[PDB]
Structures are given as structure tokens and as C-alpha cells.
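Written out below as C-alpha cells is the structure these notes cover.
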Amino acid sequence: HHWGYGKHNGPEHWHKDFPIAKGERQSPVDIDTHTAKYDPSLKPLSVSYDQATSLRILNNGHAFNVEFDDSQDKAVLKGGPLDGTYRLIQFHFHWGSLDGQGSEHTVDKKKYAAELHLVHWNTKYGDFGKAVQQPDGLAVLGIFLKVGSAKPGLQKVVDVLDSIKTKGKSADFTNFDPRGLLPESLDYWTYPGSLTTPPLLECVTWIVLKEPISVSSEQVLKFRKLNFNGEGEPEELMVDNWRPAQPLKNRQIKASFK
Ligand SMILES: CCOc1ccc(CC(=O)O)cc1
Ligand SMILES: CCOc1ccc(CC(=O)O)cc1
Ligand SMILES: [Cl-]
Ligand SMILES: [Zn+2]
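Residue numbers (PDB author numbering): 3 to 125, 127 to 261.
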């Protein structure tokens with residue numbers, strides 16, 4: 003598989019290797035704020051990241067990923083639409099070549115500069132690989148980034164990117180606190196969807212925060228200096244690593260807020 007984000011191997015092509023690309027619960031989607039309905043049944047969202055244990059940051063040729071120790075319930079997402087306990091395994095971002103694009107979800111067709119995905123797996128399935136085979140296997144917390152003031156809790160990430168410029172590079176990334184990436188409010192939209200990259204599995208409860216975080220132009224500029232390629236390969240800048248909005252089909256997006 004040689005999927006990517008170019009003309010020749012990008013989202014329009016994915017369906018030939020991964021036919022679920024044209025499925026019934028693909029992600030991302032546009033969130034129409036005048037169609038989403040407040041759901042009083044939603045319980046409060048619980049983000050419990052006090053004991054989060056980060057390990058390493060990796061360039062995988064698609065994004066940069068920060069991985070966590072998920073051998074115990076150290077950092078978990080519960081509540082909201084979720085039943086049971088979802089364990090944080092990793093986070094990554096999607097971003098644009100310019101500030102006017104980069105997010106995967108859109109809000110009334112508005113694209114943000116970037117989008118953060120905090121990836122959690124349902125502990127009743129025992130490991131990530133089993134969880135992605137189930138319709139309720141993952142919970143992904145999605146956070147929009149807009150360009151404005153710098154986000155101090157992102158700067159440690161930005162500071163290491165020079166050490167993982169190319170595909171297959173990794174660095175130690177211990178003692179990072181992902182609480183510094185959250186906005187003040189946990190107001191959210193939720194809907195059932197998919198992984199936004201191959202294999203595009205329909206295993207995700209999406210929880211997309213309404214309040215974006217602000218990052219500085221300097222911070223997102225540094226994301227854009229990464230490379231999709233490996234060392235010694237022709238340089239391709241790691242930009243526009245987002246999939247566009249997919250058909251909502253027979254789904255409803257629920258709001259946690261009036
Ligand atoms: C595609 C499978 O990827 C996997 C990633 C991690 C695990 C183990 C864990 O849950 O941390 C199992 C499978
Ligand atoms: C353990 C890795 O977890 C992941 C989950 C979803 C994606 C797809 C995306 O949102 O880019 C990538 C990685
Ligand atoms: Cl912020
Ligand atoms: Zn993602």
C-alpha cells in the first residue's frame with residue numbers, strides 16, 4: 003500500500019485498495035451546526051489524563067504521532083456518548099499548506115488550520132488491533148486549531164520536530180502532558196464514523212470539541228517543514244495531510260450543548 007495525500011495516491015484513489023472508503027459511516031464529515039441536535043441524554047465527558055505517560059514521537063510518513071503507554075488505564079476518556087473506558091494510545095495532527103485549510107472535520111463548511119486527534123481504544128476489547136474490528140472500538144477526540152496566539156502546551160512538540168523531519172525518524176518524548184493541548188470548554192459534537200486514513204475502518208465514536216485552540220503562525224509553520232519522504236528521498240513537504248468531508252448518509256450529529 004502506497005497511499006498518501008498526493009494527486010496520484012490521495013483520498014480520491016483510496017477506494018481502489020480500501021473499498022470501505024465509499025461506506026456508510028466514513029469520516030470526516032461537515033458538522034452543520036444548524037442541523038446538529040442537542041442531546042440531553044449525553045452524560046458529562048470525562049478526560050482523565052493526570053497519569054498520562056508519553057513515550058516517543060514518530061514521523062510515519064503521514065503525520066507525526068506521539069505515543070503513550072497504554073498498558074494500564076493511565077490516561078482515559080469516559081462519559082459523553084461512551085460506554086465504558088477508552089485508553090489513550092496516541093495523538094497526531096492533520097494540517098494545511100496555508101492557514102485556510104488543514105482540518106478534516108469542518109464546521110458549517112469552515113476549514114480550520116489543523117486538527118488534533120487524541121486516539122483511545124475501548125478496553127473491553129483488550130488491544131487496539133481487536134478494537135478497530137468493532138463498531139464501538141475507538142473514541143477519537145478531535146480538537147480544531149486556529150492561528151492566533153501561541154499555545155504553550157504545544158511548544159514542546161514544535162521544539163522536537165526538527166529531530167524527526169523524515170519518515171521513520173523517532174525521538175524520545177517522555178513527560179509530555181496532553182492536558183496542555185485542550186481548550187477550556189469540553190462542549191462537543193458526536194457522531195459514529197471511521198478512521199480518516201486507510202484502512203478506513205468504521206470503528207470510531209467521534210467526539211469533536213466546539214472550542215478550537217489557538218496556535219501561533221510560527222508553531223504551525225514548523226509542522227509544515229516536516230517531510231512525507233524518508234531521508235535520502237526526494238523531499239516532499241508534509242502539508243495537506245487531511246481527508247476531505249465525506250457524505251453524512253444516515254447519521255445524526257449530536258451536540259452536548261444548547
Ligand atoms: C494494527 C494493530 O495495531 C496495534 C497497535 C497496538 C496494539 C497493542 C495496544 O493496544 O497498545 C495492538 C495492535
Ligand atoms: C494507534 C494509531 O491510531 C490511529 C488512529 C486513527 C488514525 C487515522 C487518523 O486519524 O489519521 C491513525 C492512527
Ligand atoms: Cl487555546
Ligand atoms: Zn487523524
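Cβ atoms here follow ideal geometry from the backbone N, Cα and C, with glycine treated the same way.
Output yes or no for whether 8 Å exceeds the beta carbon distance between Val150 and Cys206. no
May I have all residues whose beta carbon comes closer than 5 Å to any heavy atom of ligand 3, sorted in chain order? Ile216, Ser217
Beta-ladder partner(s) of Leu141, from DSSP: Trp123, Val207
Under the rule that 16 or more other beta-carbon atoms within 10 Å means buried, what is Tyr40, buried or exposed? Looking at its Cβ environment, which holds fewer than 16 other Cβ atoms inside 10 Å, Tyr40 is exposed.
According to the neighbour-count rule (16 or more other Cβ atoms, all chains shown, within 10 Å of its Cβ), is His122 buried or exposed? With 16 or more other Cβ atoms from the protein chains shown falling within 10 Å of its own Cβ, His122 counts as buried.
Given a cut-off of 8 Å on the beta-carbon distance, is the pair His119 and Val143 in contact? It is a contact, given that the beta carbons lie within the stated cut-off.
Can you name, in chain order, every residue of its own chain whose Cβ lies under 7 Å from the Cβ of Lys45, other than the five neighbours on each side? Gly81, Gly82
With burial defined as no fewer than 16 other Cβ atoms inside 10 Å of the residue's Cβ, what is the status of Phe260: buried or exposed? exposed
Is the region 227-247 close to the region 85-104, with three or more CB pairs under 8 Å? Contact between the region 227-247 and the region 85-104 is present, because at least three Cβ pairs lie under 8 Å.
Which listed residue (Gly25, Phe147, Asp175) has its alpha carbon closest to that of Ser105: With distances taken between Cα atoms, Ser105 lies closest to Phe147.
Inter-residue Cα distance where the pair is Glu234 and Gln255: Across the structure, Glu234 and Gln255 are spaced so that their CA atoms are roughly 44 Å apart.
Output yes or no for whether 8 Å exceeds the beta carbon distance between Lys170 and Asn67. no
Quick test of the definition: if touching needs 3 or more C-beta pairs under 8 Å, does the region 150-162 touch the region 213-225? With the cut-off at 8 Å, the region 150-162 and the region 213-225 touch.
Spatial distance of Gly102 from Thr125 (CA atoms): 37 Å
Name the DSSP beta bridge partners of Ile59, please? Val68, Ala174
Limits of the beta strand (DSSP E) - the one that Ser50 falls within: 47-50
Helix, strand or coil, according to DSSP, for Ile22 in the structure here? Three-state result, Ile22: helix.
My guess is that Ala54 and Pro181 are in contact by the Cβ rule of under 8 Å, so how many angstroms apart are they, rounded? 6 Å
Contacts around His3, its chain only, beta-carbon distance under 7 Å, and the 5 residues preceding and following it disregarded: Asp19, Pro201
Using only alpha-carbon positions, find the residue among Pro21, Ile91, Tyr114, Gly183 that is nearest to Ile33. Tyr114
Let me confirm a value: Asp85 is counted as buried when at least 16 other C-beta atoms fall within 10 Å, else exposed. Which label applies? That one is exposed.
Nearer than 7 Å: is that true of the beta carbon of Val31 relative to any heavy atom of ligand 2? no
Leaving aside the five residues before and after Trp209 along the sequence, list all residues of the same chain whose C-beta is less than 7 Å from its C-beta, in chain order. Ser29, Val143, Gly145, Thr193, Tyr194, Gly196
Coil, strand or helix - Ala134 by DSSP: DSSP places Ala134 in helix when its eight states are reduced to three.
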